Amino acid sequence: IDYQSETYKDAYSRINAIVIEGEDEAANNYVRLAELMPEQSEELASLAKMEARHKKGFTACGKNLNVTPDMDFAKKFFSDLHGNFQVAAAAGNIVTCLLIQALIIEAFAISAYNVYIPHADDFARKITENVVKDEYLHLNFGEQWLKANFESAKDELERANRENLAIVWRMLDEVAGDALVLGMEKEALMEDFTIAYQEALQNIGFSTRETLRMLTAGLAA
(Lines of atoms letter the chains of each structure in order from A and count residues from 1; the text may use other names and numbers.)
(Lines give C-alpha, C1' and ligand atoms only; values in the text may rest on other atoms or scores of the structure.)
Protein backbone atom coordinates (compact mmCIF):
# COMPACT_ATOMS: atom_id res chain seq x y z
CA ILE A 1 0.00 0.00 0.00
CA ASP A 2 1.22 3.41 -1.04
CA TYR A 3 -0.49 5.59 1.62
CA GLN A 4 -0.02 8.72 -0.61
CA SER A 5 -0.68 7.60 -4.20
CA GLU A 6 -3.73 9.47 -5.65
CA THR A 7 -5.55 6.15 -5.79
CA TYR A 8 -5.16 5.78 -2.05
CA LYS A 9 -5.87 9.32 -0.93
CA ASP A 10 -8.86 9.38 -3.20
CA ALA A 11 -10.21 6.14 -1.66
CA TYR A 12 -9.36 7.40 1.86
CA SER A 13 -11.14 10.68 1.45
CA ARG A 14 -14.43 8.86 0.96
CA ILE A 15 -13.73 6.26 3.61
CA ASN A 16 -12.51 8.73 6.22
CA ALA A 17 -15.64 10.89 5.58
CA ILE A 18 -17.92 7.83 6.00
CA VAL A 19 -16.37 7.18 9.32
CA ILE A 20 -16.47 10.89 10.30
CA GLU A 21 -20.08 11.41 9.22
CA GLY A 22 -20.90 8.02 10.81
CA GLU A 23 -19.72 9.13 14.29
CA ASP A 24 -21.45 12.57 13.90
CA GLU A 25 -24.75 10.91 12.97
CA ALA A 26 -24.29 8.48 15.94
CA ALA A 27 -23.75 11.38 18.41
CA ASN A 28 -26.88 13.16 17.15
CA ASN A 29 -28.87 9.89 17.07
CA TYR A 30 -28.03 8.88 20.62
CA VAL A 31 -28.86 12.47 21.78
CA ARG A 32 -32.22 12.18 19.99
CA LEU A 33 -32.74 8.75 21.64
CA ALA A 34 -32.03 10.37 25.03
CA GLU A 35 -35.21 12.30 24.36
CA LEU A 36 -37.30 9.25 23.43
CA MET A 37 -36.05 7.08 26.36
CA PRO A 38 -35.39 9.71 29.05
CA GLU A 39 -35.41 6.81 31.53
CA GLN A 40 -31.93 5.86 30.01
CA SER A 41 -30.76 9.41 28.92
CA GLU A 42 -27.67 9.29 31.21
CA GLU A 43 -26.03 6.28 29.34
CA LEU A 44 -27.13 7.54 25.93
CA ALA A 45 -25.68 11.03 26.49
CA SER A 46 -22.42 9.30 27.55
CA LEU A 47 -22.50 7.19 24.41
CA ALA A 48 -22.95 10.34 22.32
CA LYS A 49 -20.01 12.15 23.93
CA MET A 50 -17.95 9.12 23.14
CA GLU A 51 -18.96 9.04 19.45
CA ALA A 52 -18.17 12.75 19.25
CA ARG A 53 -14.70 12.00 20.68
CA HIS A 54 -14.12 9.40 17.93
CA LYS A 55 -15.18 11.94 15.36
CA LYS A 56 -12.05 13.93 16.40
CA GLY A 57 -9.75 10.95 16.24
CA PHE A 58 -10.92 10.02 12.80
CA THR A 59 -10.72 13.68 11.65
CA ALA A 60 -7.01 13.61 12.60
CA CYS A 61 -6.41 10.44 10.50
CA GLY A 62 -7.35 12.38 7.33
CA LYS A 63 -5.15 15.48 8.12
CA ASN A 64 -2.19 13.14 8.83
CA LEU A 65 -2.57 11.75 5.34
CA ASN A 66 -3.32 15.20 3.81
CA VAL A 67 -6.76 14.11 2.83
CA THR A 68 -9.73 16.39 2.91
CA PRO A 69 -12.70 14.26 3.80
CA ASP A 70 -15.51 14.19 1.11
CA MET A 71 -18.29 15.00 3.48
CA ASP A 72 -20.98 15.39 0.80
CA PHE A 73 -20.41 11.78 -0.36
CA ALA A 74 -20.52 10.54 3.17
CA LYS A 75 -23.70 12.56 3.93
CA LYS A 76 -25.27 11.07 0.75
CA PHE A 77 -23.87 7.58 1.71
CA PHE A 78 -25.91 7.69 4.94
CA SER A 79 -28.99 9.36 3.55
CA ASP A 80 -31.63 6.48 3.30
CA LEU A 81 -30.64 5.08 6.69
CA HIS A 82 -30.57 8.50 8.22
CA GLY A 83 -34.07 8.99 6.70
CA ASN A 84 -35.53 5.82 8.23
CA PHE A 85 -34.07 6.73 11.63
CA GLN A 86 -35.52 10.29 11.39
CA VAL A 87 -38.95 8.94 10.38
CA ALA A 88 -38.81 6.23 13.01
CA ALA A 89 -37.67 8.78 15.66
CA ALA A 90 -40.27 11.42 14.61
CA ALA A 91 -42.89 8.77 15.41
CA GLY A 92 -41.49 7.20 18.58
CA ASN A 93 -40.50 3.90 16.94
CA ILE A 94 -37.64 3.40 19.35
CA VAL A 95 -37.32 -0.28 18.45
CA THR A 96 -36.53 0.57 14.81
CA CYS A 97 -34.25 3.40 15.91
CA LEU A 98 -32.23 1.10 18.13
CA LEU A 99 -31.89 -1.65 15.43
CA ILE A 100 -30.49 0.92 13.08
CA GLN A 101 -28.00 2.53 15.40
CA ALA A 102 -27.23 0.14 18.22
CA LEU A 103 -26.98 -3.12 16.15
CA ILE A 104 -26.65 -2.49 12.44
CA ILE A 105 -24.48 0.52 12.19
CA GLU A 106 -22.52 -0.63 15.16
CA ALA A 107 -21.76 -4.17 13.76
CA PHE A 108 -20.82 -2.55 10.49
CA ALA A 109 -18.64 0.06 12.16
CA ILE A 110 -16.79 -2.32 14.43
CA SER A 111 -16.27 -4.86 11.63
CA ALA A 112 -14.90 -2.24 9.29
CA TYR A 113 -12.56 -0.76 11.86
CA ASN A 114 -11.32 -4.22 12.69
CA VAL A 115 -10.78 -5.11 8.99
CA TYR A 116 -9.04 -1.73 8.44
CA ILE A 117 -6.59 -2.06 11.40
CA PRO A 118 -4.08 -4.63 10.02
CA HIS A 119 -3.56 -2.50 6.93
CA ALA A 120 -3.74 1.02 8.46
CA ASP A 121 -0.69 3.42 8.85
CA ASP A 122 0.85 3.73 12.37
CA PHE A 123 -0.94 6.82 13.39
CA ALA A 124 -4.39 5.71 12.24
CA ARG A 125 -3.85 2.10 13.50
CA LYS A 126 -3.36 3.58 17.03
CA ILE A 127 -6.45 5.79 16.78
CA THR A 128 -8.68 3.03 15.42
CA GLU A 129 -7.54 0.40 17.97
CA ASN A 130 -8.52 2.87 20.70
CA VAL A 131 -11.83 3.63 19.14
CA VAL A 132 -12.47 -0.13 18.96
CA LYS A 133 -11.26 -0.62 22.58
CA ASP A 134 -13.78 2.06 23.71
CA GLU A 135 -16.57 1.19 21.25
CA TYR A 136 -16.56 -2.21 23.00
CA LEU A 137 -15.34 -1.41 26.55
CA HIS A 138 -18.65 0.33 27.31
CA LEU A 139 -21.59 -2.18 26.88
CA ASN A 140 -24.10 -2.30 24.01
CA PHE A 141 -26.75 -0.15 25.53
CA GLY A 142 -29.36 -0.64 22.78
CA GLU A 143 -28.83 -4.41 22.66
CA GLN A 144 -29.45 -4.96 26.47
CA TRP A 145 -32.62 -2.85 26.25
CA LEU A 146 -33.95 -4.85 23.23
CA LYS A 147 -33.07 -8.08 25.06
CA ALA A 148 -35.04 -6.97 28.18
CA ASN A 149 -37.94 -5.85 25.92
CA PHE A 150 -37.78 -8.57 23.50
CA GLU A 151 -41.28 -10.09 23.50
CA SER A 152 -42.79 -6.62 22.93
CA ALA A 153 -40.23 -5.51 20.29
CA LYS A 154 -40.03 -8.85 18.40
CA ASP A 155 -42.40 -7.90 15.47
CA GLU A 156 -41.10 -4.40 14.93
CA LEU A 157 -37.52 -5.72 14.98
CA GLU A 158 -38.45 -7.96 12.00
CA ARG A 159 -39.94 -5.08 9.99
CA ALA A 160 -37.01 -2.77 10.90
CA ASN A 161 -34.60 -5.50 9.77
CA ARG A 162 -36.07 -6.05 6.26
CA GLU A 163 -36.19 -2.30 5.48
CA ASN A 164 -32.72 -1.45 7.01
CA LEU A 165 -30.31 -4.38 6.52
CA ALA A 166 -31.10 -4.20 2.82
CA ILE A 167 -29.72 -0.62 2.67
CA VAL A 168 -26.58 -1.47 4.67
CA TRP A 169 -25.77 -4.19 2.16
CA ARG A 170 -26.26 -1.55 -0.61
CA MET A 171 -23.79 0.58 1.38
CA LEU A 172 -21.06 -2.04 1.46
CA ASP A 173 -21.46 -2.67 -2.33
CA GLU A 174 -20.81 1.04 -3.00
CA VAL A 175 -17.52 1.22 -0.99
CA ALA A 176 -16.20 -2.28 -1.44
CA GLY A 177 -13.98 -0.92 -4.32
CA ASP A 178 -12.72 2.03 -2.14
CA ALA A 179 -12.22 -0.22 0.93
CA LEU A 180 -10.06 -2.58 -1.24
CA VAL A 181 -7.58 0.25 -1.98
CA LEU A 182 -7.27 0.46 1.85
CA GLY A 183 -6.44 -3.31 1.88
CA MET A 184 -9.93 -4.34 3.06
CA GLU A 185 -11.27 -7.45 1.35
CA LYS A 186 -15.09 -7.10 0.75
CA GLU A 187 -15.52 -10.69 2.03
CA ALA A 188 -13.88 -10.03 5.44
CA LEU A 189 -16.20 -7.00 5.94
CA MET A 190 -19.22 -9.11 5.04
CA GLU A 191 -18.28 -11.94 7.38
CA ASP A 192 -17.48 -9.77 10.40
CA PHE A 193 -20.68 -7.74 9.99
CA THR A 194 -22.82 -10.84 9.54
CA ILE A 195 -21.27 -12.49 12.63
CA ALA A 196 -21.60 -9.38 14.89
CA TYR A 197 -25.15 -8.69 13.64
CA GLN A 198 -26.29 -12.33 13.78
CA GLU A 199 -24.93 -12.77 17.30
CA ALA A 200 -26.47 -9.46 18.42
CA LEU A 201 -29.87 -10.69 17.13
CA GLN A 202 -29.55 -14.10 18.72
CA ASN A 203 -28.43 -12.54 21.99
CA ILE A 204 -31.53 -10.28 22.22
CA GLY A 205 -33.67 -13.44 21.71
CA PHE A 206 -34.23 -14.78 18.17
CA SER A 207 -33.39 -18.44 17.45
CA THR A 208 -30.54 -19.08 15.06
CA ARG A 209 -33.18 -20.18 12.61
CA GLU A 210 -34.98 -16.83 13.03
CA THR A 211 -31.71 -14.88 12.58
CA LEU A 212 -31.00 -16.60 9.27
CA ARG A 213 -34.53 -15.78 8.07
CA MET A 214 -33.75 -12.14 9.03
CA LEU A 215 -30.35 -11.94 7.36
CA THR A 216 -31.71 -13.38 4.15
CA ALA A 217 -34.54 -10.79 4.19
CA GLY A 218 -31.79 -8.18 3.89
CA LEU A 219 -30.42 -9.79 0.72
CA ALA A 220 -33.32 -8.71 -1.57
CA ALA A 221 -33.23 -5.73 -1.45
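In this text, residue numbers run from 1 along the sequence as written.
Higher mean CA temperature factor, per the PDB entry, when comparing 193-201 with 20-28: 20-28. Per-stretch averaging of Cα B factors for 146-154 and 130-138 places 130-138 on top.
The residue among 182, 172, 166, 188 whose C-alpha atom has the highest B-factor in the PDB entry is 172. When all modelled residues of the chain are sorted by CA temperature factor, residue 93 is found within the highest third.
Per the deposited record, the Cα B-factor of residue 67 falls in the lowest third when ranked against the other modelled residues of its chain. In this PDB entry, the Cα temperature factor of residue 47 sits in the middle third of its chain's modelled residues. The deposited CA B-factor of residue 86 belongs to the highest third of values across its chain. Among the modelled residues of its chain, residue 221 has a C-alpha B-factor that falls in the highest third, as given in the PDB entry.
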